[PDB]
Amino acid sequence: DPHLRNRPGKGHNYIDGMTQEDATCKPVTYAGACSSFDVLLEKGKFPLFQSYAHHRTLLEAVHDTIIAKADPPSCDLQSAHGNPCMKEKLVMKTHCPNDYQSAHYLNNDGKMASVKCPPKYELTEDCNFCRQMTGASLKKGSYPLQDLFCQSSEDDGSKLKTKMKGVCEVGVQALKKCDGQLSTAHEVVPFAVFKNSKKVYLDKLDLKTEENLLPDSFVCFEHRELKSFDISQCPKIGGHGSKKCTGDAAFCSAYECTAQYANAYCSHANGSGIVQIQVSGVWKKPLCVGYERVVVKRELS
Amino acid sequence: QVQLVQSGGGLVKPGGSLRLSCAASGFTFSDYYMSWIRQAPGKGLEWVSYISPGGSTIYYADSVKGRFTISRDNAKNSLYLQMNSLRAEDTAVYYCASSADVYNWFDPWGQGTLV
Amino acid sequence: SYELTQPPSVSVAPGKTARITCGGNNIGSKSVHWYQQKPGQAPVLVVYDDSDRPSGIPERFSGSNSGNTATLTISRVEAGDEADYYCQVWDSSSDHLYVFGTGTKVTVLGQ
């Protein structure tokens with residue numbers, strides 16, 4: 001609740017093409033503003049990530065090498081056409097606020113793509129076009145187009161594939177060809193990307209979280225003037241460390257605690273742990289899980 | 001520190017071919033676009049081509065389009081420019097540059113190589 | 001094609017201030033970059049993003065951009081500032097995508 005900006009992993013919330021916001025997004029901590037991550041905490045907006053708040057974001061995942069970047073990491077909306085992203089971008093209805101030059105997402109290939117404008121141009125309110133900016137200052141970050149969370153995983157999902165009842169096309173993916181009169185609508189569809197899989201769209205979203213005493217399940221803080229503090233400096237029980245630490249019952253169950261000489265205090269992050277998802281009856285460990293609003297066409301049978 | 005360092009011969013007869021190679025050491029080089037900018041003797045700078053961090057989506061300038069081929073070997077941290085069907089208008093000093101995204105400002109450049 | 005115009009010569013006495021104007025149609029809407037090149041060298045980025053400096057460039061260098069003119073201003077000119085200064089922009093038109101100016105040679109008088 002109070003430690004939403006104490007990030008798991010490195011905490012990097014910048015896109016590679018945009019550097020000048022590194023003083024406050026690299027990493028994100030208790031203090032400072034970050035246009036790439038702050039927008040994720042407006043309540044009611046991004047509910048799935050706000051549920052699993054202590055799991056990584058997309059930019060956060062690519063800078064922890066969990067999610068790979070696509071070839072050209074940014075598609076142009078001013079070039080000859082700038083096609084590599086447009087085919088995937090049109091099928092999704094999104095809404096970009098003003099002053100944003102870039103907006104990122106998980107492509108259908110499982111990598112992080114982004115759509116970006118030339119300097120001092122901004123994205124329109126549908127994220128499909130670039131226009132000469134109307135203000136004086138552009139946002140120095142990239143706007144996430146997906147309610148999403150990510151984690152490290154080695155679970156092979158190459159055998160997996162999108163299966164949805166009565167669906168002909170979901171976003172880019174064409175599951176089959178249909179002869180019946182179709183119903184077409186923008187739907188908020190869930191999805192998940194795995195180790196060796198593409199984007200797998202889902203009918204139901206069934207998740208389960210196994211809690212553990214691993215490092216990413218904790219948040220440590222020292223001297224509101226709180227600043228983050230690496231847990232790797234705290235020595236475990238029967239180990240060696242450079243600092244001294246105290247924690248809750250969960251933290252002191254594994255690491256040694258000293259109530260008087262501790263540099264920092266570590267709590268157990270609520271809603272943290274290994275998350276698994278149920279795809280067509282089988283439980284798997286996904287790399288990322290999210291929602292996105294895409295064009296779904298359905299048969300009448 | 002970052003040190004884009006170049007090699008490659010630069011004395012040929014018209015219609016010939018050459019090959020410049022720019023080796024990178026100090027950044028990741030897998031996340032940065034790479035461009036080639038030439039400078040005629042005494043004149044200013046002309047951009048020639050750019051290659052994306054992954055190797056796909058290459059762009060050339062119509063002055064050079066069709067003749068040169070820019071490639072990269074991210075494994076061995078290198079960036080190649082193969083020149084074919086050369087002629088006197090190409091005689092210049094060629095530099096490699098890194099931008100970190102397609103719209104950006106060409107931070108550190110190679111040392112230069114005459115042709 | 002989008003062209004950037006740049007005065008070929010600029011003389012300035014040491015201690016005075018030097019000014020170099022990059023002229024492009026509607027250039028206030030693009031990000032302007034300034035490189036410095038000494039003889040026998042490679043161009044070095046002295047200014048990017050219309051007004052900002054990479055680490056290593058002294059506070060003597062300042063960038064500005066408005067309307068149809070973007071100016072690089074070198075305060076406290078030193079004899080070592082004799083060089084070619086080029087402006088550069090991105091332009092997704094007519095095949096160049098990175099438009100360098102004609103270049104300005106700054107020579108320091110009193111020397």
# chains A, B, ... in the order shown; residues from 1 in each chain; ligands from 1

$ select_by_dssp --residues "stretch 55-144 of chain A" --states "helix (DSSP H, G or I)" --output "ChimeraX atom specification"
/A:58-62,83-90

$ interface_residues --of "chain A" --to "chain B" --cutoff "9 Å" --atoms "only C-alpha atoms" --output "mmCIF file with N, CA and C atoms, in the first residue's frame"
data_model
loop_
_atom_site.group_PDB
_atom_site.id
_atom_site.type_symbol
_atom_site.label_atom_id
_atom_site.label_comp_id
_atom_site.auth_asym_id
_atom_site.auth_seq_id
_atom_site.Cartn_x
_atom_site.Cartn_y
_atom_site.Cartn_z
ATOM 1 N N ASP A 16 14.275 2.443 -24.395
ATOM 2 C CA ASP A 16 15.686 2.602 -24.738
ATOM 3 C C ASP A 16 15.950 3.861 -25.556
ATOM 4 N N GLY A 17 15.016 4.252 -26.420
ATOM 5 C CA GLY A 17 15.249 5.411 -27.262
ATOM 6 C C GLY A 17 15.177 6.744 -26.547
ATOM 7 N N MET A 18 14.726 6.771 -25.293
ATOM 8 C CA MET A 18 14.481 8.017 -24.570
ATOM 9 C C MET A 18 15.199 7.956 -23.228
ATOM 10 N N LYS A 69 13.249 -7.014 -26.921
ATOM 11 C CA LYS A 69 12.805 -5.912 -27.761
ATOM 12 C C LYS A 69 12.673 -6.374 -29.204
ATOM 13 N N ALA A 70 11.759 -5.740 -29.926
ATOM 14 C CA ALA A 70 11.581 -6.110 -31.315
ATOM 15 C C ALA A 70 12.555 -5.344 -32.199
ATOM 16 N N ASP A 71 12.761 -5.867 -33.405
ATOM 17 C CA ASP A 71 13.338 -5.025 -34.435
ATOM 18 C C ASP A 71 12.356 -3.883 -34.656
ATOM 19 N N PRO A 72 12.663 -2.907 -35.499
ATOM 20 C CA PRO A 72 12.775 -1.525 -35.012
ATOM 21 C C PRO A 72 11.934 -1.308 -33.767
ATOM 22 N N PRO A 73 12.560 -0.871 -32.671
ATOM 23 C CA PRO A 73 11.823 -0.732 -31.405
ATOM 24 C C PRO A 73 10.741 0.324 -31.455
ATOM 25 N N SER A 74 10.782 1.220 -32.436
ATOM 26 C CA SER A 74 9.781 2.260 -32.605
ATOM 27 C C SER A 74 9.393 2.336 -34.074
ATOM 28 N N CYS A 117 6.711 9.037 -32.507
ATOM 29 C CA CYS A 117 6.663 10.176 -33.409
ATOM 30 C C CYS A 117 8.036 10.820 -33.545
ATOM 31 N N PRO A 118 8.276 11.552 -34.631
ATOM 32 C CA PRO A 118 9.513 12.337 -34.747
ATOM 33 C C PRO A 118 9.555 13.435 -33.698
ATOM 34 N N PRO A 119 10.718 14.052 -33.476
ATOM 35 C CA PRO A 119 10.848 15.002 -32.363
ATOM 36 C C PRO A 119 9.835 16.136 -32.431
#

$ interface_residues --of "chain C" --to "chain A" --cutoff "10 Å" --atoms "only C-alpha atoms" --output "ChimeraX atom specification"
/C:28-32,49,89-93,97

$ interface_residues --of "chain C" --to "chain B" --cutoff "7 Å" --atoms "only C-alpha atoms" --output "PyMOL selection string"
chain C and resi 33+41-42+44-45+48+90+95-96+98+100+102-103

$ write_last_selection --atoms "C-alpha atoms" --output "PDB file, in the first residue's frame"
ATOM      1  CA  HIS C  33      21.793  19.314 -33.005  1.00  0.00           C
ATOM      2  CA  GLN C  41      39.182  14.617 -36.421  1.00  0.00           C
ATOM      3  CA  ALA C  42      35.610  13.333 -36.243  1.00  0.00           C
ATOM      4  CA  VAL C  44      31.807  15.674 -31.715  1.00  0.00           C
ATOM      5  CA  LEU C  45      28.307  16.397 -30.417  1.00  0.00           C
ATOM      6  CA  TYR C  48      21.621  18.171 -28.755  1.00  0.00           C
ATOM      7  CA  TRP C  90      15.740  14.657 -38.583  1.00  0.00           C
ATOM      8  CA  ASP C  95      15.722  10.174 -48.558  1.00  0.00           C
ATOM      9  CA  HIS C  96      18.230  11.889 -46.253  1.00  0.00           C
ATOM     10  CA  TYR C  98      19.388  13.392 -41.268  1.00  0.00           C
ATOM     11  CA  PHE C 100      23.386  18.362 -42.024  1.00  0.00           C
ATOM     12  CA  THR C 102      26.561  23.566 -45.018  1.00  0.00           C
ATOM     13  CA  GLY C 103      28.830  24.168 -42.020  1.00  0.00           C
TER      14      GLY C 103
END

$ atom_distance --atom1 "atom CA of residue A:130" --atom2 "atom CA of residue A:112"
20.2 Å

$ select_by_dssp --residues "stretch 76-108 of chain B" --states "strand (DSSP E or B)" --output "NGL selection string"
:B and (78-84 or 93-98 or 107-108)

$ atom_distance --atom1 "atom CA of residue C:50" --atom2 "atom CA of residue C:79"
24.9 Å
